[PDB]
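So this first bit is one chain, no partners, the form deposited in one PDB entry, shown in structure tokens.
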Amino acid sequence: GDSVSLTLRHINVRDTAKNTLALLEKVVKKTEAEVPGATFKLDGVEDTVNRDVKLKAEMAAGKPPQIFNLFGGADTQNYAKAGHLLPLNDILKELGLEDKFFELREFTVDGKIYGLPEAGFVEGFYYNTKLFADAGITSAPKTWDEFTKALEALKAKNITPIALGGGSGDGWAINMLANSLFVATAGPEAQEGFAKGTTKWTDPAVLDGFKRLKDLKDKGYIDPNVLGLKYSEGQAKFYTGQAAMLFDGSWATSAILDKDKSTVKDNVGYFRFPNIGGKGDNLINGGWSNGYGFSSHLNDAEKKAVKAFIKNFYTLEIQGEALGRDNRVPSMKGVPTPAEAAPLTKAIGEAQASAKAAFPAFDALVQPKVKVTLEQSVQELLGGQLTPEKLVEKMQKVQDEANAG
């Protein structure tokens, strides 16, 4: 006691996330044993629904859950400004956690920390080394010209080159590829400038990225049924051997290595987005963007339970179990290399380590309305209802509106 009930909003709803959910449940059970009186009510919600609908609406009402999956950057800035996020600096000092994270920048607003990343990420191309060899491609492409040559060769063998599930409410999956394209063509400063008014979506180098995205679809390099598939169905297209590569975040590794379902688990490699030439060269999309935040509206009993949860979730033993089983990338420093380290994770590590630098996802840097508009727009682009030129015009219109607000 005191008796206290806390809702814990998480996104670990899909079958492929069952190990992540079980680890969360283990931490919750430990916390309940440590804090008599405290009961956690887990509320699992699909990724897009939580971020873009449910938590958004709860925050608008000033009634978020006590604990919730949260994104750094724009989302955290909005909710912190509105006064709905618990500042964590003193808690981190109390728990010995102040210096334990690789990077808290996305969750920091005016020096105060408003969430804790659960994992790191990079985005890049997972690829099927067998299908590449079938098409005569014997190395991972380093440059755009080598990449287009590989796509040509795969297409000529009637191998679907790029898996992608971007239908329904899953436009963000298209935006993974779009974001690396427009950073490759325009440089990382372009996406930093959209919300500051110093760059525009209509800048020719940004438009160039959307022209290339459209050309990948026009050529049949992106799966023609992209708009008919959910995100996870695009992943399955890849990890069942039905397409040669997949642009995705490193949180997808476990699905690609799954012994029950992935036929590519022993024939898979990785490469970072290839060099187009210019200020985007040798960069990799990545950072520490997603984890738990906490309501600022907690009584003393609730805050004790929340502190215990933080103590029990953010520990190297939990981070190490996540890495050892699901190849989940630590957000905390000092996790030893697993004794059986996985080749695919080694390849992702090599792509990240040899990059000049990382850049965050564009949705850390633009307002939610801008993000959702891009999702709709890229679906329309791939469906032929919007040209690249009309897309960037529509995007700058919404960006101008958001910047005025």
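When you see a residue number, it is the position in the sequence shown, counting from 1.
A second form of this protein, the form deposited in another entry, is not displayed here; the remarks below concern that form.
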| said: Is residue 367 on the same rigid part as residue 219, between the shown form and the other one? Assign each C-alpha by whichever superposition fits it better. | reply: yes
| remark: Shown form as baseline, in the other entry, CA residue 348-residue 99 shift of 3 Å or more puts them closer
| Direction of the Cα shift between residue 70 and residue 363 in the other entry, where the change is 3 Å or more | farther
